[PDB]
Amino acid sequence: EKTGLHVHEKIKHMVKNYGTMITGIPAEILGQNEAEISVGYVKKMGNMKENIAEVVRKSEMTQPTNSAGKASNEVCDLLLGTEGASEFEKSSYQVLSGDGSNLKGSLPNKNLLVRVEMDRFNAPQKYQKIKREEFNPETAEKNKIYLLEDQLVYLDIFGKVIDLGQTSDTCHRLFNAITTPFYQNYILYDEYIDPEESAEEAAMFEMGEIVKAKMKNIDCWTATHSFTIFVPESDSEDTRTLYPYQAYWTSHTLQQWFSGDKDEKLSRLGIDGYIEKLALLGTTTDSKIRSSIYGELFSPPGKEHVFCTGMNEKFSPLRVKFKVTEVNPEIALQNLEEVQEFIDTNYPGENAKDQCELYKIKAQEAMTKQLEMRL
């Protein structure tokens, strides 16, 4: 089959079967590199053979990366070729609209690849009330609110002092109201605050409201997750589908994504249902909703309901940036076949499991050799 859908089926099957070997990195340089970053772990007395062997046994070197950006780069290279991927990666992102319509309109019925950068809003969470004569932006804690005698300012992550537009009377009322010594250097957003408690708690709440309102027009966005979405054209009567592809930093690999079938499970939502969830991630003002959607779309398979709870509840606003480019199935299928031929030539076996084991054996022998040499 020469369709985009067959491209999807093939890349999924190959990553499922071969994991890290889809990078085309030969086993020997993988093992030598692993030795070079593992020499310090080798116990330095005893007999060398089994110390080296022990570090080689606990090496994770054939386990695939869990970098989201690296997985996205791998998908882009395979489906577009290296030059096309580089051009796509340098191209501009667009911010997903509230209803996701600009992405929808960017998905004509051709074979398309979407790349997504998720951003979180890295707003200040702390303030200090301080006399102006003691406020030094060169040494004060950055990404923080500062309340002076008659001024309210934001020291941003770059160390720039940004005025928050409040009047002298507003700021002085705030400064004078916040007298408790423990609240001179404190958190901005207190779940349990209440202004009917006292003028002080009134002022702390009001300052939080002012800062939150002003922050909406300040660029605190910072990138936080990366993934891709393959949207083959519909070449049969079946409804068109999309397939998200990801790794998640420190959490799971692309191979685990496919082997848990999460690409397919999410494809069941349909193009519109998936985009609706993605857009709601950027519009919702409820942290339980934000958390639940984030887990549904982005957790390792099976962790959807525990990914974003407790410490990991998604309290900050998120936004979705996207870019789209056309996939040529002739190119992608040729690229994937070349990876397959490399694997079959250099790591032969009767099935993929045996080929993976041969790759691991060759890497471990290379690592043993390199470690013995350096020691």
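Residue positions are given as counts along the sequence shown, with the first one as 1.
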Comparing 131-139 with 96-104, which stretch shows the greater average C-alpha B-factor in the deposited entry? 131-139
When the C-alpha temperature factors are averaged for each of 157-165 and 224-232, which stretch ends up with the higher value in the entry? 157-165
According to the deposited entry, which of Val306, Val339, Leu318, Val56 has the largest Cα B-factor? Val56
Among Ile331, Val324, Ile343, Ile37, where is the Cα B factor highest in this entry? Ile37
Pull the Cα B-factor of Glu276 out of the PDB entry and bin it into the chain's lowest, middle or highest third. middle
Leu80 CA temperature factor, ranked by third within the chain: middle
For the chain shown, is the CA B-factor of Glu357 in the lowest, middle or highest third of its modelled residues? middle
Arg240: which third of its chain by C-alpha temperature factor? middle
Looking at the temperature factor on the CA atom of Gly69, which third of the chain's modelled residues does it land in? middle
